[PDB]
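Just below is one structure, and these are the notes that go with it.
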Amino acid sequence: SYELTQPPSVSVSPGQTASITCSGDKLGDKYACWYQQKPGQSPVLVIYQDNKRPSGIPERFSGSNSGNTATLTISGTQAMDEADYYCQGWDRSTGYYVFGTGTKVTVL
Amino acid sequence: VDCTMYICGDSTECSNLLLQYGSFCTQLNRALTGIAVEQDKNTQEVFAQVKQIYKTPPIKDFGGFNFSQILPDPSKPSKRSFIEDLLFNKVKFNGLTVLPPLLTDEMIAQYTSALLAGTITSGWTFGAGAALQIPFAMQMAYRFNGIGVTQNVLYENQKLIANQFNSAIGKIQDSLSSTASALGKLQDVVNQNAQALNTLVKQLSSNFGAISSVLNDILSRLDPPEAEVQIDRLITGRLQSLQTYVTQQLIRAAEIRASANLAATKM
Amino acid sequence: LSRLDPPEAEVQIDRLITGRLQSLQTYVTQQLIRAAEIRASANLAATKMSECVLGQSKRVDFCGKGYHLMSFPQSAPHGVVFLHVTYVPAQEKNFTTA
Amino acid sequence: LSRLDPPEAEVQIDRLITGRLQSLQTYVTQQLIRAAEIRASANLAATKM
Amino acid sequence: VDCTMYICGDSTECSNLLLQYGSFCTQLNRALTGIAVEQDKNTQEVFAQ
Amino acid sequence: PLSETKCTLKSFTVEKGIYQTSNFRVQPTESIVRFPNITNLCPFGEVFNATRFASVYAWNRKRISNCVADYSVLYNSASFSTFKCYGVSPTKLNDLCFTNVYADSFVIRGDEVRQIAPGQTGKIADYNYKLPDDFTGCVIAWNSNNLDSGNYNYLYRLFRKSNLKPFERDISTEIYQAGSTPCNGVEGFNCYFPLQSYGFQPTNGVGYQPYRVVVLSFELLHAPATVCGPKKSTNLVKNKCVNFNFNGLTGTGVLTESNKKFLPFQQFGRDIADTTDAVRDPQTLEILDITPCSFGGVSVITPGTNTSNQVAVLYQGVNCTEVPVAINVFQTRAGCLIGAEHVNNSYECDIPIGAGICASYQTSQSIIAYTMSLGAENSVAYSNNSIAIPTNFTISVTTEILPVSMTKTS
Amino acid sequence: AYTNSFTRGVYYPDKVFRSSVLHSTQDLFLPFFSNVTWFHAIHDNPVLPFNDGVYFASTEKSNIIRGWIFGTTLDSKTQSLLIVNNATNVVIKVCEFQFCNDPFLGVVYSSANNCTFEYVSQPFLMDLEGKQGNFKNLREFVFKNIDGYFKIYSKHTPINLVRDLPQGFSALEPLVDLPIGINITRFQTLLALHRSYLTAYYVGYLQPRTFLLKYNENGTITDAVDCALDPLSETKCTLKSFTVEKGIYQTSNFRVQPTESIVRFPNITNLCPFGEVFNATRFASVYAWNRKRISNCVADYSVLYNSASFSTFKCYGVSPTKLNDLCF
Amino acid sequence: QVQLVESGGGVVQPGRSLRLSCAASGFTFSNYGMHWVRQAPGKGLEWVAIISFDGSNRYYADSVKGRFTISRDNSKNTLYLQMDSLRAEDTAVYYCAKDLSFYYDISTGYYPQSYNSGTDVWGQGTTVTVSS
Ligand SMILES: *[C@@H]1O[C@H](CO)[C@@H](O)[C@H](O)[C@H]1NC(C)=O
Ligand SMILES: *[C@@H]1O[C@H](CO)[C@@H](O)[C@H](O)[C@H]1NC(C)=O
Ligand SMILES: *[C@@H]1O[C@H](CO)[C@@H](O)[C@H](O)[C@H]1NC(C)=O
Ligand SMILES: *[C@@H]1O[C@H](CO)[C@@H](O)[C@H](O)[C@H]1NC(C)=O
Ligand SMILES: *[C@@H]1O[C@H](CO)[C@@H](O)[C@H](O)[C@H]1NC(C)=O
Ligand SMILES: *[C@@H]1O[C@H](CO)[C@@H](O)[C@H](O)[C@H]1NC(C)=O
Ligand SMILES: *[C@@H]1O[C@H](CO)[C@@H](O)[C@H](O)[C@H]1NC(C)=O
Ligand SMILES: *[C@@H]1O[C@H](CO)[C@@H](O)[C@H](O)[C@H]1NC(C)=O
Ligand SMILES: *[C@@H]1O[C@H](CO)[C@@H](O)[C@H](O)[C@H]1NC(C)=O
Ligand SMILES: *[C@@H]1O[C@H](CO)[C@@H](O)[C@H](O)[C@H]1NC(C)=O
Ligand SMILES: *[C@@H]1O[C@H](CO)[C@@H](O)[C@H](O)[C@H]1NC(C)=O
Ligand SMILES: *[C@@H]1O[C@H](CO)[C@@H](O)[C@H](O)[C@H]1NC(C)=O
Ligand SMILES: *[C@@H]1O[C@H](CO)[C@@H](O)[C@H](O)[C@H]1NC(C)=O
Ligand SMILES: *[C@@H]1O[C@H](CO)[C@@H](O)[C@H](O)[C@H]1NC(C)=O
Ligand SMILES: *[C@@H]1O[C@H](CO)[C@@H](O)[C@H](O)[C@H]1NC(C)=O
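Protein chains in written order, with the entry's author numbering: chain Y, 1 to 9, 11 to 95, 95A to 95B, 96 to 107; chain L, 736 to 826, 854 to 1029; chain H, 981 to 1078; chain F, 981 to 1029; chain Z, 736 to 784; chain B, 295 to 443, 447 to 624, 641 to 676, 689 to 735; chain R, 27 to 69, 80 to 143, 159 to 250, 264 to 392; chain D, 1 to 52, 52A, 53 to 82, 82A to 82C, 83 to 100, 100A to 100O, 101 to 113.
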């Protein structure tokens, strides 16, 4: 079994940094990607290769991966960042693409 | 080997050019068919020497001589004995076609079983006429007479001779079951046939000076009058290759026939 | 030759010599193989004459099926025929032996 | 090779290749048949020995 | 007999042209090697008894 | 089949036996074409009607890829006075898919365009534009007097220190030392500048007025074929013998789903014999095994026409399920024996089929097929104290026949 | 420095799938156990030759190698090829580059002078070492320039061996097959430098070699024999097998080769009167064609051939160019 | 525009079968490996299956291995997911996602052999529900 553990939710004040963490027993050996999902809409890729933003995503998104944890972070959270963020352990050679439990970031 | 399909299959354009060369393909097919029938004749003359299929008796009191390693094993699907089982274990390409032998391995094993049973239960009498039964001790005594040794040399020490024969048979069993490659004479025939076929099929890829070694490329690229000068080149090359194969196979079949005649004489 | 002049007659002639020369090499090659086959049978016929006719053969099934007595040679076109007189036993009778 | 350039030299070379290849093939075929004869003679000599 | 040497020895143009004919040289050399080994087999069979 | 046997032997009476009369082969049911789904036509117009052609010494070079290249329109056009190809038929270009189709353009003095061909020798061929002796492609040329003529801007090279290699270009302009003495800086004794203009005045007669030349060079089946001809792809059929065309690779056989794991860069497969036996479909990119659809010899089992005209036909090594595609049934190991009834009784061999099966004429009277009997079964009464001694004898004269000689042909 | 390339530099020679067969391919391969120069570019990058091909290998810890420069002059006087992999896109480009004396990538390098090729696409060089931790990727490349194509092969494998290439086998697979057509004779690597001072990897050279490639049942090359490495390999190559039984096998033919060429011509000096032939005031009527024997000459036919005065010059049994070397 | 659109959603009984179809346009479908991803109502994402650029290699999640079967038809630019023996847990909106990184460029033969991990483009989604 593989259970990429994330906290159910993280609360953040608007304009304050939010550290969204994803954990896995061997996630350091694997690449991690993050997908943003507003309710009623399909996921949108925000981070891949553990630190790389695809074209068009705001520069304030960032991530890191080391050891058993991969962590996405936003330098400044706006009102539109309230969404569900899912981590994914990516490894083409092993055919391993399991998603994470997800995390609803709460803006209040 | 089908000469027409080997030189060029699925092409009337090449086949019409091949008919210009005459009856070369008929001659090669005739030679290969002659070789094929010759192989069946070779097997028949060697093994099919007994008129009747003799059976060893259910009780095998042969004076102490144990032939269990050579008599047939009824516990397996085939008639093969144990040593025969050891021996049999130790040993669609653009026109090619491997015909099956007339006598299956089961039938050849049955022939050898008939020969063994006749020899054991009747000595040499079954080769001269009707199988005259004789106890194996007396048969071996009169076979000692044939080498200038009196009969009593067997009877006075029959047990020693029986034990020596059994030990020798067991040693043959061990030698055949070991890592030794004693059957190189048959493996050489198999390897030579396989190598000849491999060379024939691998000379289909040579272009012999043509623009390409594949006729579908020549026909799909060139109009007839320019395709004919390339297809003729391929026809010449492949016909020479097939002629070489058939000639060497004729020589190989000649030596195999000499070996088969020797084997029949030995039998 | 009567249709074409030498400058391109030779091109057509050369296709016939290669073909006829090849068609003649095949004939000689197969006759050489057949001559060896007949030579092997002539050596056997000469051995049968020496051993079956000129003497009595103890070799089994060489000079006929059975116990050889004598053979008689008869000529035939491109071959020889041997009439192998042979002694085959008959009328067996079982007997107790020691 | 010294008289003709490769475009036309290869045409002349092919004729020599074919002729010498046929000569060599004929030689080996005769040698194979003669070796069969000598092998028969050697088997006879071994039997006589 | 070396096929490449006999046909067109010491000429790379013909050595390249001869590859178009395939493995004829391999077959011819294999045949004479077989004949050559057979001669030693014959002598050993006749004399070494 | 009996008449086919008689024609094969070229005789009206055929003795008892089994004769191979012809060869059976399954015939293709339909045709298949599978070209890559190239999404655009080809810019031949930009080459053939170009405002300015290049000089022969500086011949242009256009690399053509990702094309639906219709060569028929070029050939049907009446402008091209010269349109000849040296490794392909001009009318058969539109059904072959090629790679890196290179289109070179330049202007030639006139009738010397004939030097643009493999193996040609001359000023143009040796020193200006050389193409290989094994050239595959097409040379296209047409008169352009009303486009390039006076005019002096088209030049050509008189001299070069060695013959140009195939598809070689020279842009150097150093002075050629024709004589056996040094020359530097200027055209001295036996020393010339290697280039000069054609001089395409309109007054030039036929064979000297300018000729525009376009030569296309092709490579095929060396890579993912890109400059594919216009032929439309058809559907894909599997498990039925069919003649196909994958990117120009023509053939015949039965296509089947393949378990072969082609790497991404591999487009074809080959057997130990180096014969093509798998192909990646250019449309769906799936691997299809190509197996040659069933073939085999046909053998006619006949008694003597003296006895009966009834015959049986054996399709050697062919399965019964697909023989009627070409034209009693009994599946022998050697193939399907049609016309002979199988009988469980085992008799001695009369006509050997193979693999232990023999056929014979028996009786209400027909051709039978059976497993041959090796001989009468005999349980010899062996016992350790019983001997059988003959009480009488028989003198048997068995004739033996041996060839001795053959005819002395010469 | 120098190090041993045990069995590296082998690649898939063609786009044909083969399984369970030993195929004897003849192509530019790196010879087995060849000496590959080991460069410590960081304590520089020399411009190295490109003889027939180049086997390029590296085991860098943080992906400092970002691409290569190929060409002959590398000074904008001739077309040159550039491969440089930026963080998000490789740019394969052939222009008349005005390369700097010390090329490197900032943390940026390009040109557009009379340019004739560009292919911007996904990058094949990325920072993969961080995932492997201590184990270091061994990036291998093979470059070739034949038949107008610039062919690139590649293979990246995890290793821990430090000072030398692995004692193992892995066949390189193609990256690109670029229709390029330029003349390549020199090349150099370009590096990613954080400090832009506008003032590590192994290199081996391919040679024409016949290789016996073993394809396993899955179709991958698992082992190979360099037929010219040693007599044992040649025996394995001749038999088309990787294991040979006891015996004596004829593998090739030895031939002493000539040391030098010798020419011995007669001591004749007088030049030959072709001028009297071609510059005659009056040519004969065709029904009375002239017949002038030419003997005891040193005849130079090149001036006749290259002279533009002749509208037709065709020789049937001899080649016009080879007349000078021939003695008649 | 690079877009993906799914189809074939609906209501299904347990033990029956259904097939989804994701149509691709605006990009070379044959170059990119494709994913199927499902999201149960009110739950997080779950990876369903992946298919190689040519269909040679396919992987499935343990919750669907042996029941589902992923396939593609590059000549139609369509992606298929055959579902057999549907159960209650299979109630989820199914997405088809394009790889950010293509495995092999058939147009030019470019074979990077090293790929980014992202899946940039996702489909709109089609609902599937399983109940009796
Ligand atoms: C001897 O004969 C008996 C009875 O057939 C058999 O069980 C035993 O295995 C034989 N031993 C040998 C020497 O094979
Ligand atoms: C000898 O015994 C056998 C036992 O089967 C019997 O068939 C035969 O008639 C007896 N006599 C002869 C003729 O040998
Ligand atoms: C050039 O234009 C003329 C117009 O008549 C036409 O014959 C020819 O096809 C054109 N060349 C092209 C487009 O290849
Ligand atoms: C042909 O058949 C007839 C009638 O059965 C018979 O008398 C004759 O001998 C046969 N001839 C041959 C050639 O066997
Ligand atoms: C012939 O093909 C049929 C197809 O149903 C198959 O069942 C049978 O085994 C085949 N027979 C042989 C001898 O291969
Ligand atoms: C032969 O025997 C088999 C098995 O007993 C039977 O199925 C078959 O019908 C028999 N054939 C004939 C022709 O009697
Ligand atoms: C021996 O056999 C012959 C027939 O071959 C017969 O005429 C004779 O009467 C027999 N004699 C005895 C002793 O039975
Ligand atoms: C070349 O390789 C051989 C064998 O590894 C070695 O002995 C020799 O020192 C090397 N020479 C160079 C130039 O490093
Ligand atoms: C990589 O090069 C391409 C070439 O156009 C450029 O568009 C892109 O922005 C570059 N990426 C980076 C990381 O600068
Ligand atoms: C291209 O080359 C020409 C000749 O050397 C030169 O004049 C021109 O400046 C170069 N390219 C450009 C547009 O700078
Ligand atoms: C390539 O360039 C080098 C250096 O200028 C030169 O020596 C060589 O002859 C050139 N080769 C070709 C194919 O032009
Ligand atoms: C070949 O592929 C099969 C199926 O994926 C696999 O089981 C096998 O291990 C592979 N072969 C090797 C040598 O790994
Ligand atoms: C020819 O002979 C002269 C002497 O008469 C000698 O000086 C000269 O070197 C010779 N020429 C050659 C070709 O060596
Ligand atoms: C005729 O004279 C010219 C010089 O005016 C010279 O080049 C030429 O070689 C002479 N004749 C021949 C041999 O053509
Ligand atoms: C090729 O692509 C078109 C869309 O451009 C598509 O409709 C068609 O199904 C594809 N296949 C064929 C064989 O045309």
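Just so it is clear, CB atoms sit at the ideal spot from N, CA and C, and this is done for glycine as well.
I need the boundaries of the beta strand (DSSP E) containing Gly33/D, first residue and last residue.
No beta strand (DSSP E) holds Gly33/D; DSSP gives it neither H nor E.
Can you pull out the residues from the stretch 987 to 1010 of chain F whose beta carbon lies closer than 8 Å to at least one beta carbon of chain Z?
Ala989, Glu990, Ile993, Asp994, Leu996, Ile997, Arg1000, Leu1001, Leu1004, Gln1005, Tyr1007 and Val1008
Does any CB atom of chain R fall closer than 8 Å to the CB of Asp26/Y?
no
Across the stretch 176 to 188 of chain R and the stretch 84 to 97 of chain D, are there enough close Cβ pairs to call them in contact, namely three or more that are closer than 8 Å?
no
Does at least one heavy atom of ligand 13 sit under 7 Å from the Cβ of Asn331/R?
yes
For the stretch 494 to 542 of chain B, list the beta strand (DSSP E) runs that are entirely contained and at least 3 residues long, ordered along the chain.
Note on the stretch 494 to 542 of chain B: whole beta strand (DSSP E) runs with a minimum of 3 residues are 508 to 516, in chain order.
Among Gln787/L, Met740/L and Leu962/L, which residue has its Cα nearest to the Cα of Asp571/B?
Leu962/L
Indicate whether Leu118/R and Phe140/R have their beta-carbon atoms separated by less than 8 Å.
No, Cβ-Cβ distance for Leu118/R and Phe140/R is not below 8 Å.
Can you name the start and end residues of the beta strand (DSSP E) that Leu73/Y belongs to?
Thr70 to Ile75
Please identify, using Cβ separations under 9 Å, the residues of the stretch 747 to 760 of chain Z that lie next to chain L, in order along the chain.
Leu752, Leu754, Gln755, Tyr756, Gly757, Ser758 and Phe759
For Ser939/L, which residues from the same chain have a beta carbon less than 7 Å from its beta carbon, with the 5 sequence-adjacent residues on both sides left out?
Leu821
So, at 8 Å on beta carbons, what are the nonlocal neighbours of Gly26/D in its own chain, with the 5 sequence-adjacent residues on each side left out?
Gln1, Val2 and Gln3
I'd like to know if the stretch 530 to 547 of chain B and the stretch 579 to 592 of chain B are in contact, where contact means that at least 3 CB-CB pairs between them fall below 8 Å.
yes
Mind checking whether the beta-carbon of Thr883/L lies closer than 7 Å to any heavy atom of ligand 7?
Within the chosen limit of 7 Å, ligand 7 does not reach the beta carbon of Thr883/L with any heavy atom.
For the alpha helix (DSSP H) holding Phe898/L, just list the boundary residues, first then last.
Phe898 to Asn907
Since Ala575/B and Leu585/B should fall inside the 8 Å C-beta cutoff, what is the C-beta to C-beta distance between them, to a whole number of angstroms?
7 Å
How many angstroms separate the CA atom of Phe342/R from the CA atom of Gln1002/F?
47 Å
Do we get a CB-CB distance below 8 Å when we pair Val267/R with the residues of chain F?
no
For chain H, check one thing: does any of its Cβ atoms lie closer than 8 Å to the Cβ of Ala1020/L?
yes
How big is the Cα-Cα spacing for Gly857/L and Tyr741/L?
As the crow flies, the alpha-carbon of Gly857/L is around 5 Å from that of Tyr741/L.
Using the rule of at least 16 other Cβ atoms within 10 Å of the residue's Cβ for burial, across every protein chain shown, is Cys391/R buried or exposed?
exposed
Check the C-beta distance from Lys557/B over to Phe92/R and give it rounded, since I have them as a contact under 8 Å.
Not quite, the Cβ-Cβ distance comes to about 31 Å (not below 8 Å), so this is no contact.
Can you tell me the Cβ-Cβ gap for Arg983/L and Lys386/B, rounded? I've got them flagged as a contact below 8 Å.
6 Å
Can you determine whether any heavy atom of ligand 7 sits closer than 7 Å to the C-beta of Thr1066/H, and answer yes or no?
Set against 7 Å, the gap from the CB of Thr1066/H to the closest heavy atom of ligand 7 is not smaller.
Please report the residue range of the alpha helix (DSSP H) in which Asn1023/L lies.
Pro986 to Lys1028
According to DSSP, is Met697/B helix, strand or coil?
Coil at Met697/B, not helix or strand.
In terms of alpha-carbon separation, which member of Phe759/Z, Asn751/Z and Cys738/Z lies closest to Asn960/L?
With distances taken between Cα atoms, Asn960/L lies closest to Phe759/Z.
Closer than 7 Å between the C-beta and any heavy atom of ligand 8: which residues qualify, listed along the chain?
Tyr28/R, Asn30/R, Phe59/R and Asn61/R
Compare the Cα-Cα distances from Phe490/B to each of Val511/B, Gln613/B and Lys458/B and report the closest residue.
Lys458/B
Answer yes or no: the CB of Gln218/R versus the heavy atoms of ligand 5, is any distance below 7 Å?
no
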